[PDB]
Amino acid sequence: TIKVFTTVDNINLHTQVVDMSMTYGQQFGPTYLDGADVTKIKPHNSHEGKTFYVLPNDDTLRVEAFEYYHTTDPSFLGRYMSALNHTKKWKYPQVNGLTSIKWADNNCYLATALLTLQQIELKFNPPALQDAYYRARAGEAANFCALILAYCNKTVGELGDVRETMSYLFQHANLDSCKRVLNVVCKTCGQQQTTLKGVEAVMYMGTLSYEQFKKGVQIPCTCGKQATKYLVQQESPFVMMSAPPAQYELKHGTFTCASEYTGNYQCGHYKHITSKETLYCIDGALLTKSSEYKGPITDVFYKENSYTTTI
């Protein structure tokens, strides 16, 4: 009989005492210590006085779990601890003043997303996600990477798409004040104006150029003809312009950061391009430098505050 603590958020700690013969699974349910499954393991001396993550089994823990993670999915904690057991072993070097990830288990898309998040203004709604966001920007990104995999329903080693990962994260972020007003002009139908909010207001799939998005882009109308969609008003701290991988010239000072993707569909490699005093390329732990750049780009991130068109 030795005393321990059980928690679901590492904030509210509940005091318990455990028997040595019975395993943790017989007494608490699925139990984790430092991200390691100890459901079948039995108590030792070092376990006394230490805190254990446990699956919610009563209503008090069920409520605390939602208030930290904003999910009731019973599998979330297990998927989170499974990813964390890998991400704790990864290395997170500082590259060009930013926290990156040494390559491991196909994490190239995580590194590009992690580098992008440190360069755009974002506030997460789940307290677990925002707290780990802060710890990650300071250099301790293991818990943050595990949460990203858990919220995106992705496992370690699985092949990830950066645009898809950013979209999942934006749905758990406060983008309520973000607003986008578009205008589509068809020769026959006429002029239609639409207003988008939230995640739909910051993401566009179709073109990398924020300038071309303002000047107008060609989309098919309901009548079948090719109408023209252009941006009327944009109120958001950033925008994300995505397009299928293609050769693109990035000029210093015209953008914030970008995602480079080489190789075949789903089984390629991501790289991160950021515009500082010059153009920097971050590939995990490796860093290169160039005055101008041209390569296969699929995401470009631009700064914004409030924009209104002249048309």
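Here the rigid core means the biggest group of C-alpha atoms that line up within 1.5 Å when the two forms are laid on top of each other. In this text, residue numbers run from 1 along the sequence as written.
S.K.: Which of 219-227 and 205-213 lies farther, on average, from the shown form in 4 other deposited structures of this protein once the rigid core is superposed (C-alpha RMS)?
M.R.: Between the two stretches, 219-227 moves farther in 4 other deposited structures of this protein.
S.K.: Comparing 182-190 with 69-77, which has C-alphas lying farther from the shown form in 4 other deposited structures of this protein once the core is aligned?
M.R.: The answer is 182-190, which departs more from the shown form in 4 other deposited structures of this protein.
S.K.: As stated in the PDB record, which stretch has the larger average Cα B-factor, 302-310 or 2-10?
M.R.: Averaging CA B-factors over each stretch, the winner is 2-10.
S.K.: Can you tell me which stretch has the higher mean Cα B-factor, 17-25 or 287-295?
M.R.: Mean B over CA atoms: larger for 17-25.
S.K.: Going by the deposited entry, which of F66, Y280, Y53, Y261 has the highest CA temperature factor?
M.R.: Answer for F66, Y280, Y53, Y261: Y53, with the highest C-alpha B-factor.
S.K.: Could you check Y265, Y248, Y32, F255 and tell me which one carries the biggest Cα B-factor in the deposited entry?
M.R.: Most elevated C-alpha B-factor of the set, per the entry: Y32.
S.K.: Would you mind checking where the Cα B-factor of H269 ranks among the modelled residues of its chain, as the lowest, middle or highest third?
M.R.: It falls in the middle third of the chain.
S.K.: Within this chain, which third does the Cα B-factor at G97 fall in: lowest, middle or highest?
M.R.: Lowest third.
S.K.: Going by what the PDB entry lists, where does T155 fall on CA B-factor within its chain: lowest, middle or highest third?
M.R.: For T155, whose C-alpha B-factor we compare with every modelled residue in the chain, the answer is the middle third.
S.K.: Please place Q118 in the lowest, middle or highest third of its chain by C-alpha B factor as given in the entry.
M.R.: Tercile = lowest for this residue's CA B-factor.
S.K.: Ranked by Cα temperature factor within the chain, is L129 in the lowest third, the middle third or the highest third?
M.R.: CA B-factor rank for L129: lowest third.
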